[PDB]
Amino acid sequence: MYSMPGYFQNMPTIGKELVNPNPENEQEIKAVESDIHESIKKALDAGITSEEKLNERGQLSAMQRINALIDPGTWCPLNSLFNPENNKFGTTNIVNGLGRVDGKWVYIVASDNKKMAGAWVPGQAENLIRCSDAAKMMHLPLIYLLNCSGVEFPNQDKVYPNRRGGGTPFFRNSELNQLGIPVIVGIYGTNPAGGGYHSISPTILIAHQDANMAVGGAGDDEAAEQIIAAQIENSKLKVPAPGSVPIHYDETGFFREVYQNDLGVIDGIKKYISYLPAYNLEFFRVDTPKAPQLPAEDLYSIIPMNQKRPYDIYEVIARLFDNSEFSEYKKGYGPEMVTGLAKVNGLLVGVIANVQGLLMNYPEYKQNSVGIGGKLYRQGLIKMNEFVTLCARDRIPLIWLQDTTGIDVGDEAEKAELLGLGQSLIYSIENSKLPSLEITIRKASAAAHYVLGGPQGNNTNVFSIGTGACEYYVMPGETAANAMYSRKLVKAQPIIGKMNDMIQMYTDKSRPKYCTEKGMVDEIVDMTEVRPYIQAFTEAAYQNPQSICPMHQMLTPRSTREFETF
Amino acid sequence: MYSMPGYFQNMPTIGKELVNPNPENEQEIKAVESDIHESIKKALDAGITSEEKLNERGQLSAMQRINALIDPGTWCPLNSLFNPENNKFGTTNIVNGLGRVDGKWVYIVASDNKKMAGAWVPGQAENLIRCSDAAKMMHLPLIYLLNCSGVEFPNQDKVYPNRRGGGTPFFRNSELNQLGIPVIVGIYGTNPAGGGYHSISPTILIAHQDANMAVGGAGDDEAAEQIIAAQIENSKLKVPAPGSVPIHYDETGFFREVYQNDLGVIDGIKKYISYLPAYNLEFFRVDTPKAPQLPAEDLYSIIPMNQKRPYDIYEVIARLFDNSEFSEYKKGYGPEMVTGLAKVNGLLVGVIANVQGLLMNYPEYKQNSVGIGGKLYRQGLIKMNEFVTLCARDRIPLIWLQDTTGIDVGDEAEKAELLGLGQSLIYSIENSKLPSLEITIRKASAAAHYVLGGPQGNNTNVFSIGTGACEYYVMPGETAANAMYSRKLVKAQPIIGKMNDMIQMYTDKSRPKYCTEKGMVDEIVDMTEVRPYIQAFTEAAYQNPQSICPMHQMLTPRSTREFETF
Amino acid sequence: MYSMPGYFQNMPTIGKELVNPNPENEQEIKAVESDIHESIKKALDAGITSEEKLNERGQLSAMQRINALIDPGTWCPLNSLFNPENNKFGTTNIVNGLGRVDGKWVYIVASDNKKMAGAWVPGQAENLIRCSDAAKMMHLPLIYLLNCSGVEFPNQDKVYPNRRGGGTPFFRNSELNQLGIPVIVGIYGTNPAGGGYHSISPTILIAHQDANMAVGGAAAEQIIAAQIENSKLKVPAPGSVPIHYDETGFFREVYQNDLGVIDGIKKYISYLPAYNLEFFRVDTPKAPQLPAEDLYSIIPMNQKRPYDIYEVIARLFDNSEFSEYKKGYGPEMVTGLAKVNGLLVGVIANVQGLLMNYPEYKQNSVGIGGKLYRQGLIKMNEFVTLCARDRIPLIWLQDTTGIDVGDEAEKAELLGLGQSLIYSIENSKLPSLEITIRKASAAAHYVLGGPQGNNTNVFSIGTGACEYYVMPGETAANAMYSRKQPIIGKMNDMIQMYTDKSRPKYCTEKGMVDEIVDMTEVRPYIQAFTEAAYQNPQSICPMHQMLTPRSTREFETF
Ligand SMILES: CC(C)(COP(=O)(O)OP(=O)(O)OC[C@H]1O[C@@H](n2cnc3c(N)ncnc32)[C@H](O)[C@@H]1OP(=O)(O)O)[C@@H](O)C(=O)NCCC(=O)NCCSC(=O)CCCC(=O)O
Ligand SMILES: CC(C)(COP(=O)(O)OP(=O)(O)OC[C@H]1O[C@@H](n2cnc3c(N)ncnc32)[C@H](O)[C@@H]1OP(=O)(O)O)[C@@H](O)C(=O)NCCC(=O)NCCSC(=O)CCCC(=O)O
Ligand SMILES: CC(C)(COP(=O)(O)OP(=O)(O)OC[C@H]1O[C@@H](n2cnc3c(N)ncnc32)[C@H](O)[C@@H]1OP(=O)(O)O)[C@@H](O)C(=O)NCCC(=O)NCCSC(=O)CCCC(=O)O
């Protein structure tokens, strides 16, 4: 019961059954994966109040609230270890990511009430903007599980002011609303000032019976003593915390609904989520959802931690996409890249990925050359330009699989227009106006990181994820030390020492964990977890898209076919 | 020769001649202004190569290139002291701001070739985004005077990766182009990799004859020696720097034009600027341009450095806007704010500004009260909501003059809807979809900083400026130390000591210079320089606006009139 | 001083010098062209008040006002003979088209004050919407030379009410303003009610000193008493200068005479944003290398004769240069880049004649030029999509008899590929011009950048050799009456009617095509359109970031 099975079903299948496993490699990847999981667990547990203590006082933690909201097994966290300003607890005081609620994907943001009652900490504003941007680009509902005490007083200068500070999300929520994207808030505990605007900015307000939202909270030694007198007098005065339920439900009616406990609040949210517009994804399917035909655990063997080793990218694609099917656009032209159509739970996506290894008699603009997989040449850049443009016309979201060492350099490459072709790709992406996912398989480096659907496209890239085998740098430490200090040897030992410093630093500052802490990549995900994220993304993309191309009116399949025959 | 003189000419005049000058105050302001000018001069001079040395080698500095481009006296720098990451030289290696070129306003970005040949330094990416955002919001041409050596190798992790890093401007330039906003580049010196994409991303490329743009640049002790052999062999090889004029002019034709020297490049830019679409501002005028009727130097007396002193805001408005004329919207309603129409070189703007001092028998929702000027109440918030909405419909840009201590707090204020009214203002602003300017007169604090056209509105606020009398904090240090440590005295000397630490820190981290270094405000401007910036902004706003309301079809003047009569 | 001469300069040249002229054909074309010119002249002269009488009373006619405004030789009229409701005078009481004012292209609408003082007549509302749509799609300034007495009382039911009636332009002017497109009005004579809203809706109002704009203007024996009492009362016509200048200030400026009003308009036009077209040029403007008058020989009036489309393209575009996209693939169509006064346009045009061993989905087949097959439709889909990305406007040259029919064609996806083209055009979001060379027929007329794309096609023009029908009269009579002597008679009626109702003049009267233009006048219209398109475009693609030239090159080499 689908359109055009001749084009969209029984596509060529790709990938081989894994002949030689590699335990050493698998163990190396899993060591990175373990450290990530361990750091996340330690960070989620950190803070002045435990989950156990929270539960005793009648409150749920962020993860408890999240797990009560979502369909089991659908949680795709992002920015778990994001901590650009290096807070001691290791987080930005929010837990965020994608989750599914009774079949509907939503973007979830949860205050960490274990840590200073969910206070604004350095790096949080940035994290929050990455949330609302994702919702914006995907037209996906934004859900706040809110428990926010506002500005951290010692850090006010880092959390209160500026273009992208604590005030920005309030504008971003109005923008979402104006773009037709609903925002739903569960209001827990005390939310004064900063937390008050997080409470009031959403579309729908569901309150805990003890919760509040307010413009402002309650209310030498001779100086020092005076304060404790006023405090204990006000405490015996028993004035209620401003903007409690008797105010914001009974008087202003800004609280739409009030629930007795945390799980009641969740039920309220679930109810309003059920009201939200969403396609039955069947509408956009070209085939019934099918698992890949090769197991994802093979990826622990296929993707080498030895950064000097090539591998076959088709083996990766075969394990990530429905039924191991792939419909390649212009195979043979631009051999440094794979571009083609694939399926994700029956839904069309365009896949763009680096080819690794030696490229015989290539590029064409060089007399007698061998090309390096992971680099970009003329035909690859042109093929991508076309494929992006075609997918954009067809309203087909793009998933980029990056493992790249840059664009070809030198005057032969220059004459081949590579600088202009790279920028043309940037222009093509910006022109596409569709949500896109970027997945760093191993190397994200040079300008290729930018042009290959990089997170530098703030209008199209929703977020980025990386595997345990990934690394981010401008160029390898060795090449960098070279270009920096080679001319300073044309003059001149103190220089040798700081070349080895640079090499060491580039290794340190390019490790997967460091990369996600700085937010270079949003999440480090397990090899068995990459497809889940692709599924989350793709289903979110097609849940309520702002534009449609009927299948019979799509150009990509037609142009792909013609190139194969003509 | 203007529409509706009955509405737009002979408006009420405001302001008094200054009776009592205040030398002490004037001197205090000018001390802040001097320190700013002095820090800017020191920062512009800093770097491994002087202007004198640059000139000897046949090159102009950033400021020389800028001064050769612009009409004399039209330079409005922004982010002069922006240095969020605290680079030693004190800058982000770019000089940026507004400048006029033969009557046309343009946004200007100039590489600082005194410092590591214009290398990407920490904080630069952010600075560059503030540039392209301004051009985007105002539909104003972006001009690059480019001399960029790319990534600073030691700092690569801070300048190369991430959503808002060195790659982002290349996407932002494509966005500008796609929105119909031209980008023009003068290409000087060597521009490899990162600087190559700054070269190629603009609409128009004008090159210095010795300049280049490229995807990549040229080309233990036994290890160490090997490098200097290859280097000196390549140096004697005399291979030209990749992507020089014989390549990018003669072969690729990406350089549109080539000039012999720096001033030739400027002439080329001037020529292409002359091609750009721009209104004769006469088209949008409602009166002939007229100076204010009171001198701006009085502002050194009027605006008190004593943060506890009120002043009359009308005295400020009278000195900033054409002919000291003001057409107030709903005077008497919402007395804590002034909202009304003014003129800037004959062009209509909407002005929103705090009233200072005691407000008798106010707010209305309190039994017997005296209101504090600089705070926001019910009627003020509602009046602003309406005025913003009206100006938005009329396509009249808004200028916000902030001097504020926040929104009224407590359950009487809550019942009066202040939390929802504040957010309604945010929604109203976001809905306006027009470029806006924010000017901090003194206090930018609390949520009022956000709602009063704050820079937290990334779609509407083009940039923000502040006077020498300005200060930024969440709340005063004393109130902050209180709310932080008062409950920790209900338990318990080590606490007293860190309360005085907080008070001191809030004073340090809220000084005008510190605020602009962090980018809380984009520029600290002289009292005599505020009108110039307002003129730059307003004329840029009306140069090529994307939407028009004919004067006879404007609602703001009509509604303003009806309230006065009915 | 241009980007990428390697791509944009010294493109292949096309066309041959004309070997054998054809006087018979030329004369046949010029006979149609003469009849058009003659009908236009008669229509412009028609009406109860002559130009001579207007001049005596101190007033200029529509054409005098237009000719005083525009740079000489830049007038591109549209809808000259548009008269869908068949008014006796032959017009819709407005003169409209493209004109250039001191180098700036603008859209011009002028009230015909020769005819019932510029009253609203049947068909006018539709004509006015075609004006504001053009301005909308090109972001081009709209100029009204206004002299409008409002609703024609006898015809009120046809000019006053409905979604697309006399009130619609007032909403369309607000839309233009909100899209940032300025509207400038010169207010002449009396403009009450309907004409009052034409006066007030624009951005800028310039008034003649005797002019007015108003909400409303100023048994049997009883009426003439009140009338003569009011006439002796000497009450001024409502909303005159002492009101709308002195009191309301809705008139921005007042001039003593018609030419003063024009000067005021010129001044405000000079204020308007416009590129120096040099900014978007890839070469200096160059005439074609073959004369346009050859087209009188090249394009056959004998509708059964093929001709070489390249000969047409060679005579319309700068320096006879053409950079063809995917030559050899989809031979029934020509798609490629060309230049118009140095500016890039994408050209899509039918190939005529026999196509050997084609289409590929059939066995031993000969293809018919002017028809659309699989590869043509796919090539156009790609080329449209590529030009859209590159912000390159499209010019469509139509001479077509439809899309291939039958189950082999169906299996080849032709129905879906045709609609994909429609989708592709709608997706392009750029102003486009459509020129009917000869045949506009079947679904091909729709998909080949037809005027049915109300968001992209600015207007359409046709040559004297053009004709519009669903299908030929013979084929139509067949399909209608084959399944059915009284029947033979009404088959010949149908054939005759299809010939009658498909003549160039009839087509433009009904608005099927907006203007019938002379063979020597096609390039001028292309120049007007292209220069208007690039005057103030809403989106740019830098030359070095364009995909079309790159993809075109790769197909040639790879
Ligand atoms: C640019 C020139 C030719 C200029 O040399 P010059 O004429 O001597 O000029 P000068 O005023 O004496 O300044 C040179 C001096 O300024 C400093 N400097 C220059 N560039 C950098 C940098 N990128 N990072 C850190 N420091 C830099 C160094 O101390 C230079 O000394 P040196 O030239 O080494 O003797 C040269 O210094 C050079 O080649 N520099 C940088 C090497 C390079 O190729 N860098 C590209 C950086 S990687 C990148 O941006 C990648 C982005 C993503 C991608 O596309 O891959
Ligand atoms: C929120 C509550 C009621 C929660 O108290 P609780 O029930 O004891 O909860 P708990 O788990 O024991 O946590 C309290 C403890 O967590 C820490 N903490 C809490 N909030 C902050 C903060 N904002 N900055 C820095 N540290 C904070 C403190 O150590 C708290 O201890 P304390 O309550 O003082 O004994 C209370 O701690 C409180 O009132 N906190 C903050 C005071 C306040 O009113 N803050 C508003 C911050 S200003 C702002 O955000 C302005 C934005 C712009 C504007 O609108 O003006
Ligand atoms: C406009 C002038 C002042 C023209 O001055 P003039 O020197 O007489 O000019 P002329 O060359 O001699 O032309 C007059 C002659 O042209 C014809 N004519 C003029 N206006 C109309 C019309 N509206 N419908 C049908 N026929 C009209 C009539 O035969 C006129 O003869 P008449 O003036 O009756 O002796 C005058 O004819 C006049 O006052 N006409 C009546 C105009 C009028 O009442 N217009 C309102 C039309 S209703 C409407 O548009 C409402 C729309 C909805 C709304 O906004 O309410």
Side-chain angles (χ1 to χ4, degrees), chain B residues 3-4 279 283-284 393-395 545-555, chain C residues 69 78-79 92-99 105-111 118 120 124-151 159-188 191-207 211 213-215 239 244 248 250-253 261 264-265 268-269 271-273 454-455 458-459 532 536 538:
Chain B
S3 291
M4 298 153 69
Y279 277 87
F283 187 92
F284 294 114
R393 179 212 170 277
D394 289 346
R395 276 68 173 162
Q546 293 308 286
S547 187
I548 305 156
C549 184
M551 267 92 188
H552 44 289
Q553 295 165 26
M554 294 183 157
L555 185 54
Chain C
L69 175 59
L78 296 155
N79 303 111
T92 54
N93 270 31
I94 62 157
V95 181
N96 66 277
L98 261 48
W105 288 98
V106 295
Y107 202 100
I108 298 166
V109 178
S111 296
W120 289 4
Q124 184 179 109
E126 171 60 28
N127 195 340
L128 285 165
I129 291 156
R130 297 192 183 210
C131 296
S132 62
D133 279 353
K136 179 188 176 171
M137 283 175 268
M138 291 187 284
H139 214 267
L140 203 69
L142 185 55
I143 313 300
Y144 271 90
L145 304 172
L146 187 73
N147 204 324
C148 177
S149 60
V151 169
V159 308
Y160 166 78
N162 223 326
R163 306 189 63 73
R164 291 171 70 83
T168 312
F170 316 143
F171 279 87
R172 302 309 186 94
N173 285 165
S174 285
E175 182 184 27
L176 289 180
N177 271 99
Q178 286 165 28
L179 290 163
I181 305 165
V183 186
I184 299 161
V185 69
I187 309 163
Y188 303 95
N191 304 95
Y197 284 88
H198 266 117
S199 296
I200 200 70
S201 58
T203 321
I204 301 297
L205 283 59
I206 314 294
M213 67 174 188
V215 176
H244 282 311
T248 62
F250 295 166
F251 293 162
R252 187 161 169 167
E253 286 178 16
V261 175
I265 295 172
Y268 284 93
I269 291 175
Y271 296 166
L272 303 180
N454 303 353
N455 283 332
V458 294
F459 47 80
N536 200 18
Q538 292 307 288

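Naming convention: chains lettered A, B, ... in sequence-line order (proteins, then strands); numbering from 1 in each chain. Values below: every heavy atom of this structure, side chains too, minus hydrogens, waters and symmetry copies.
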Asks: Using the test side chain to side chain donor-acceptor pair (under 3.5 Å), find all partners of B:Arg393 that sit at least two apart in sequence or belong to another chain.
Replies: none

Asks: Mind checking whether C:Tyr197 and C:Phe170 have ring centres under 6.0 Å apart?
Replies: yes

Asks: Name the orientation class of the two ring planes belonging to C:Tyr144 and C:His198 (parallel below 30°, tilted from 30 to 60°, perpendicular beyond 60°).
Replies: tilted

Asks: Would you confirm whether C:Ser174, through its side chain, and C:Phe171, through its main-chain N or O, come within 3.5 Å as a donor-acceptor pair?
Replies: no

Asks: Determine whether B:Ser3 and C:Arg252 satisfy the following criterion, side-chain hydrogen bond (donor to acceptor under 3.5 Å, both in side chains), listing intermediate values before the conclusion.
Replies: CA-CA 5 Å; B:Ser3 291; C:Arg252 187 161 169 167; 4.8 Å; no

Asks: Okay, side chain of C:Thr168, backbone of C:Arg163: is any donor-acceptor separation there less than 3.5 Å?
Replies: yes

Asks: Can you establish whether the number of heavy atoms outside B:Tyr279 located under 6.0 Å from its atom OH is more than 12?
Replies: yes

Asks: Report the C-alpha separation of C:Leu78 and C:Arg130 in whole Å, then their side-chain angles, then the decisive distance to 0.1 Å, and conclude whether the side chain to side chain contact (heavy atoms under 4.5 Å, CB included) test is met.
Replies: CA-CA 10 Å; C:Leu78 296 155; C:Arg130 297 192 183 210; over 6 Å; no

Asks: Would you confirm whether C:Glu253, through its side chain, and C:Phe251, through its main-chain N or O, come within 3.5 Å as a donor-acceptor pair?
Replies: no

Asks: Does C:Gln124 offer a backbone N or O that forms a donor-acceptor pair with the side chain of C:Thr92 under 3.5 Å?
Replies: no

Asks: Is it true that a side-chain atom of B:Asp394 and a backbone atom of B:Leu555 form a donor plus acceptor pair closer than 3.5 Å?
Replies: yes

Asks: Nearest 0.5 Å please: distance from the CG atom of C:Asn173 over to the CG atom of C:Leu128.
Replies: 9.0 Å

Asks: Suppose we screen for side chain to side chain donor-acceptor pair (under 3.5 Å). Which residues come up paired with C:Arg172, at least two apart in sequence or across chains?
Replies: C:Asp133

Asks: Between B:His552 (side chain only) and C:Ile204 (backbone N and O only), is there a donor and an acceptor less than 3.5 Å apart?
Replies: no

Asks: Is the backbone N or O of B:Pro550 less than 3.5 Å from a side-chain atom of C:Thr203, with the two atoms forming a donor-acceptor pair by type?
Replies: no

